[PDB]
Every structure is written in C-alpha cells, then in structure tokens.
Amino acid sequence: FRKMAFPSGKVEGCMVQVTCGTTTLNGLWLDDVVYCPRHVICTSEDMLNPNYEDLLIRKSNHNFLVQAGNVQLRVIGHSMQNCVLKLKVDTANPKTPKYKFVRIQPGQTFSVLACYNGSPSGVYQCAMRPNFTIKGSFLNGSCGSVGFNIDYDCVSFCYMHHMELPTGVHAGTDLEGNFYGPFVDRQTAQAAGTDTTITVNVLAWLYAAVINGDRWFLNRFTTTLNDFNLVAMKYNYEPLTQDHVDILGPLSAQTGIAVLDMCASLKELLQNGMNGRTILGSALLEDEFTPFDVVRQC
Amino acid sequence: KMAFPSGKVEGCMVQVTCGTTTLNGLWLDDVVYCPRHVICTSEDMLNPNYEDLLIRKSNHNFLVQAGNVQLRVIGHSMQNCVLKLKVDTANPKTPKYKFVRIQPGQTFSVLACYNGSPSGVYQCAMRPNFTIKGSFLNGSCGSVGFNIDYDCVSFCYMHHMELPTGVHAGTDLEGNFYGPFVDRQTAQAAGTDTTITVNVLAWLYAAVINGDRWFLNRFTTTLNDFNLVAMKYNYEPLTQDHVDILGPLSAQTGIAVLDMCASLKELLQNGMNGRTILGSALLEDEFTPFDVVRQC
Ligand SMILES: *[C@@H](O)[C@H](C[C@@H]1CCNC1=O)NC(=O)[C@H](CC(C)C)NC(=O)O[C@@H](C)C1CCC(F)(F)CC1
Ligand SMILES: *[C@H](O)[C@H](C[C@@H]1CCNC1=O)NC(=O)[C@H](CC(C)C)NC(=O)O[C@@H](C)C1CCC(F)(F)CC1
C-alpha cells in the first residue's frame, strides 16, 4: 500500500503569490477572491506578537502585490477572517474548480501541494495527527500552500499552511482561518499535545490486511466500544468515536468482520505484541491510511 | 515521498477503446500514445501476434475520448509496444516535453489513471531488476511516469502489466520494455532484485538532517571494502560517481560519504535492533540524492 496523493492540477490552477513589502507567500485564487495567511502583512518587528488589527489598518488595497506567475492581479478589497486575509481581485479565476471549504478531524488525510513563490513544487499525502499537527515537508516560503481532498469533480480545501513548531512538525488553519489545535500565528515557540496513534486508521489497515489474505490476528472474541477505548488509551491510542465506527462500515461489510471484533483483535495485538510476526509485510501498525484511503486504493 | 505536481500531465490524458478493451492514452500535439495491447481481445492477450492483429484494424476501430469529446483517428502506427494514433485535433494543453529512458535507481512520479481520468499521483523508483512497485489496477494501462524540470515534462514510463509478485512492468515512450518482460498475458518472473545503495545512503543523510542519528558510528571503510559487503547483501555497488553525487549531502551534515557507508555496513550486518529510521523498520531505497536535496 502506497501513500497516494490526489492529482494536483485543479489546485495548481488556483495558486498565486502574495507580497507585502519583501514578505512573499502563497495564496489561493478562487473566483474573484485570493485567500492567504494574514501574517503576510508582517515585518520582523511584528512577527513576535503582531497586532494584526493595527497592522491591517495601515494597509490599503494598493499595498498588496498579487501575482499569478509574473502577471499582477489588481486588488479591489481586503478583509481579515480569523487568521486568513481575503483579497478581492478584479478578475475571476477561469480555472476555478468546483470547490468547498471543509474542516477536517484528526486522523483524516489530505494531499498537500507544496508551493514556493506561487509555483508548485510537489504533492504528497499528509495525515492530521491527533495533536493537530502534520508532518509536512514545508520550507521557508511555503506558507499559504493548501491541503485538499477531491471527490468526483469537487475540491474540498481543508488546510492552509502557517507555521513550524519547535519539534519540526507543522501547523495551520482551515480556509476560514481557524487554526487546527492550540496554535497562534506568532513567531513564538509553541508546544503540541503529546501525540497518539490514530486507532481508526490502524483498524482500517487491519481490514486492508484481511482483504489481501493476511488474517492471522483475527480472534473469536469481541469487546464493547467503551472497554476498548479504556484499554486503548493505556497504549497511547486514540479512543474511537461513533463516527469512526461508522466510517469503518464499508470495510466491515467487505470482510464480514464486525468493527468490535476487529477492535478485540487489535486489543490482543496491543496486549501481546506481534509475537515476531508481520502484517502486510510490516512489523509496525500503520496509522496514516484512512478507511477511505484503503478503499480508494484497493 | 513527494511527487511532482501532476497538472501538466492530467491535461494530456485520454481514453482509448478498441472492442471491449479500454485503457489510457497520452495526447501530445496531434498524437495519442497508448499500449498496443488495447487492440487485443481476451483470446488475443494469451499469445498475441501484434503485427497480425494490427493490420486487421482500421482507424475507425479506435475510439479516443477526451472527456466528453471524441477525437477522430486519422492515422495509426506501432512503435515497439506502443501504438501512436494520429488525431485530427491538436492538444492545446500539450506541455513542453521530452521522452527519456530512465536508469535503474532513478525515481519518477506516476499519474495513475482509469478511463482517461486521473486517480492519484505517487513516486516510484525504477528497480535494479527493472520492475516498479506501483499501485495499478485493471484499466490503469497507459498511465505514465514522468519527471518535471522547470516547465519541461520528461516522460519516462508507460504502464503495461503486473507480475505474479504484484510488482509492475512497462515501457519507455518509444515502446521498449524496461527489463526482460513481454506484453503477453503470461506469468513472468523478474530477475533477483537488489537494493539501490546510493538511495539508501541519501535517505540515511535525510535521517541525520532531521536529527535521527542513532545508527552513526566512528568506524570507516574503503569504497571497495564497502562494496564487497554490499554485494554480499544484494545491494548494488556504489560507484565514485555515486560518491560524488552524495557530496552536497555530505557537506551539509559533515558526515563523509565513506563514514555513512560504514554506518550502512553495520546496519546490514547487525540489523536495526527493532529500532526505526525516519519512522521505518526497513531501509528505504526509493529516494535519490536529488530527491533528498530538493526537500531538505
Ligand atoms: C492494463 O491493461 C493492465 C494493468 C494490470 C491489470 C491489473 N494490474 C495491472 O497492472 N494490463 C494487463 O492486464 C496485462 C495485459 C497483457 C497483454 C500484458 N496483463 C497483466 O498484467 O496480467 C496480469 C494481471 C496477470 C497476473 C496473473 C498472472 F498469472 F501472473 C499472469 C499475469
Ligand atoms: C511561512 O512560509 C512560514 C513557514 C515555516 C518556515 C519554515 N518551515 C515552516 O513551516 N511560517 C512562519 O515563518 C511563521 C510566521 C509566524 C508569524 C506565525 N513562524 C514560524 O513558523 O517560525 C518557526 C520556523 C519557528 C521555529 C522555532 C520556534 F521556537 F518554534 C519558533 C518558531
């Protein structure tokens, strides 16, 4: 099983660059609005504890340089929505896909189109960790790169990149500018919560193993959801929610293995280890493939 | 693993159908390239005489669709294992491109497609035994692999088949297979695979750059003595060019190439002791030195 990203072309057609002074980052051009991180309006003196409201008061439309390639897009209005800036421009992007803005849950995966100066460099698949960080490849200049899923014709944008944490992991917002996790856009050291293993994705991985004929870990027992959750937390696994149980429905139907029976199987793997065996050619339980990713790929 | 952005290639994918057989084609200027086994029926795929099968076909037996629009085929020819269909319409989305044949150990991105529609993108390496560990299903043939430099798309791979072991085989865009494989519906084994040593070293450098360095040591080795151990463990030999290619990473970390070779030697001889590197229980060999630099 490979980490497979969504084709990036519909998002490539929306990437622009946004500059204030010498500060350049990426923005997302949909219809006649460009969305980008608000810290583009920051100097250095500001990034320590920016007063974003006062910094924006000193800005006019004519202070923002928005470019698609080297072609300038005239800004005709501006506003700030949480931690994102919205720049109204005088041209509707002809490459605008059908799209939605969504807020994802920890454990969900998405593709990131890593961009620099409005130019895409690469695409890769990310998982939102339970502590609301991602393990991106994000260098200087990458802010405003976005994360997305594609369903049928429709791009669901779920992430915009803002910052790196002391541990090297990455943090950002949804496209309404609300951070995932307890982070703020200030050049200060911020700690994430201790991370945990994404249980629903491990279960998805065990279902994928069964689908491929690797099923030694299946047992004849079951558990309640509450009993499983209380044990799982002692192993630094996330508790399951009702939505997790439901998104495992399709794989449970495909294999005939009830969700709670698979939970009982995972509980035994936690309490006894792998006994020197492997699953899908791996001694490690994988937690960055969602139930959707398993299906999308199998 | 990071892939190249796929948009320039998405704008070239089309669907090609002959009979009940459908797969993907690549539409550049006024030509569509696709695997020649599109002309086969089930019965044919078992032992096909392609020149015989092809002369029995007319332009109108080929149905090419770019989304909703059918493109009319006005000519066809076969080049090795690829069919070239001339169409009456030029693709305005054709990027600047070249056809290249890649070397084993090199990496490329794959745009997996079904029915002419892009499905996913991922990074692959050409294995030393000329297979690729892909994720391809029924209908993925004609999906291509590529690298992008500046604005130029270098196409290096077109997908044709799966082997019993589950790995994949295909051709360059001139239709010549990578490896000893043939486009016939028969079970085919590959040569013994080896590990791409220069890529393992590059990935160990990436691990150090990210502060994961338990595997380092103060031993050293000559290039030849390292290569003796590598061959024993079915790792590819390391050439002086490989050592030179690793220079930048050596400079960045201050770890001499041959010192990283000594570290790898001890991993081969002792294993990983149930430890991980960059989260992996196994040594990763599908990142090139260039891949590592680009991303670090
Ligand atoms: C594209 O047309 C398709 C892609 C295959 C299907 C499943 N996964 C893939 O990568 N290509 C073929 O189906 C190909 C056609 C021949 C004329 C070359 N045959 C093929 O790949 O056969 C494979 C699926 C079987 C596997 C079982 C076997 F016993 F080993 C014989 C080959
Ligand atoms: C935007 O392009 C940039 C992306 C960063 C740069 C390197 N890798 C990234 O993900 N974001 C910022 O520069 C951001 C701006 C603030 C106004 C929110 N600050 C930031 O991420 O600084 C990081 C690099 C340091 C790391 C060390 C620390 F102690 F945690 C303080 C923040």
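A note on names: the letters A, B, ... follow the listed sequences, proteins ahead of strands, and every chain is numbered from 1. Side chains included, hydrogens not; waters and symmetry mates left out as well; all remaining heavy atoms used. Remember, it's 1-based here, ligands and their atoms both numbered in the order they're listed.
- Using a distance-only test at 3.5 Å, with no hydrogens or angles considered, no donor-acceptor pair links the side chain of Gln106(B) to the main chain of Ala125(B).
- Taking a cut-off of under 4.0 Å to the non-hydrogen atoms of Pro166(A), the atoms of ligand 2 that pass are 30 (F).
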Quiz item: Which is it for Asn129(B) and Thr131(B) under the side chain to side chain donor-acceptor pair (under 3.5 Å) test, yes or no, and what are the steps along the way?
Solution: CA-CA 6 Å; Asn129(B) 72 355; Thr131(B) 64; 2.7 Å; yes
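- Ligand 1 has a nitrogen or oxygen under 3.5 angstrom from a nitrogen or oxygen of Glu162(B).
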Exercise. Could you give me the CA-CA distance, side-chain angles and deciding distance for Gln65(B) and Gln15(B), then say whether side chain to side chain donor-acceptor pair (under 3.5 Å) is met?
Key: CA-CA 5 Å; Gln65(B) 297 181 259; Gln15(B) 178 181 237; 3.2 Å; yes
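- Using modelled atom types, no side-chain atom of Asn149(A) and backbone atom of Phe110(A) make a donor-acceptor pair closer than 3.5 Å.
- Under a 4.0 angstrom heavy-atom cut-off, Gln188(B) registers as lying outside contact with ligand 1.
- For the pair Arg101(B) and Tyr178(B), the cation-pi test (distance below 6.0 Å, angle within 45°) is passed.
- When only interatomic distances are considered, the shortest N/O to N/O separation between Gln185(B) and ligand 1 falls below 3.5 Å.
- Under a 4.0 Å criterion applied to the non-hydrogen atoms of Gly141(A), ligand 2 contributes the atoms 2 (O).
- How far SG of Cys36(A) is from NE2 of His162(A): 9.0 Å, rounded to the nearest 0.5 Å.
- Aromatic pair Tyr122(B)/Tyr124(A): ring centres not closer than 6.0 Å.
- Distances between N or O atoms of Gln190(A) and those of ligand 2 include no value under 3.5 Å.
- Between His161(A) and ligand 2, an N or O atom pair is found at a separation short of 3.5 Å.
- Using a distance-only test at 3.5 Å, with no hydrogens or angles considered, no donor-acceptor pair links the side chain of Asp172(B) to the main chain of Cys156(B).
- Remark: among candidates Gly134(B), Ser143(B), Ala187(B), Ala189(B), the nearest residue to atom 28 (C) of ligand 1 is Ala187(B), based on non-hydrogen atoms.
- The heavy atom nearest to atom 4 (C) of ligand 1, out of those in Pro48(B), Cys141(B), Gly170(B), is found in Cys141(B).
- Taking a cutoff of 4.0 Å between a charged side-chain nitrogen and a carboxylate oxygen, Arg127(B) and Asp285(B) qualify as a salt bridge.
- The shortest N or O to N or O distance between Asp185(A) and ligand 2 is not below 3.5 Å.
- Between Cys42(A) and ligand 2 there is no heavy-atom distance shorter than 4.0 Å.
- With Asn47(B), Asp183(B), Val38(B), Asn24(B) as candidates, the residue nearest to atom 18 (C) of ligand 1 on a non-hydrogen basis is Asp183(B).
- Some N or O of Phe138(A) is nearer than 3.5 Å to an N or O of ligand 2, by distance alone.
- For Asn138(B), no nitrogen or oxygen atom sits less than 3.5 Å from a nitrogen or oxygen atom of ligand 1, counting backbone and side chain alike.
- Not a single heavy atom of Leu25(A) sits closer than 4.0 Å to an atom of ligand 2.
- Residue-to-ligand polar distances place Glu164(A) within reach of ligand 2: an N/O pair is separated by less than 3.5 Å.
- Each of the atoms 10 (O) of ligand 2 lies under 4.0 Å from some heavy atom of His170(A).
- A donor-acceptor contact shorter than 3.5 Å links the side chain of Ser121(A) to the backbone of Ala114(A).
- Nearest heavy atom pair, residue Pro35(B) against residue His159(B), reads CG-O, 3.6 Å.
- Within the 4.0 Å heavy-atom criterion, the part of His162(A) lying near ligand 2 is the backbone and not the side chain.
- For ligand 1, the polar-atom distance check against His159(B) finds a nitrogen or oxygen pair separated by under 3.5 Å.
- Using a 4.0 Å cut-off between a side-chain N of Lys or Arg and a carboxylate O of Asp or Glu, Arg2(A) and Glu286(B) qualify as a salt bridge.
- Under 4.0 Å from ligand 2, the heavy atoms of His39(A) that appear belong solely to its side chain.
- Looking at ligand 2, you'll find an N or O of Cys143(A) within less than 3.5 Å of one of its N or O atoms.
- In this structure, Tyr35(A) has its ring center closer than 6.0 angstrom to the ring center of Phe101(A).
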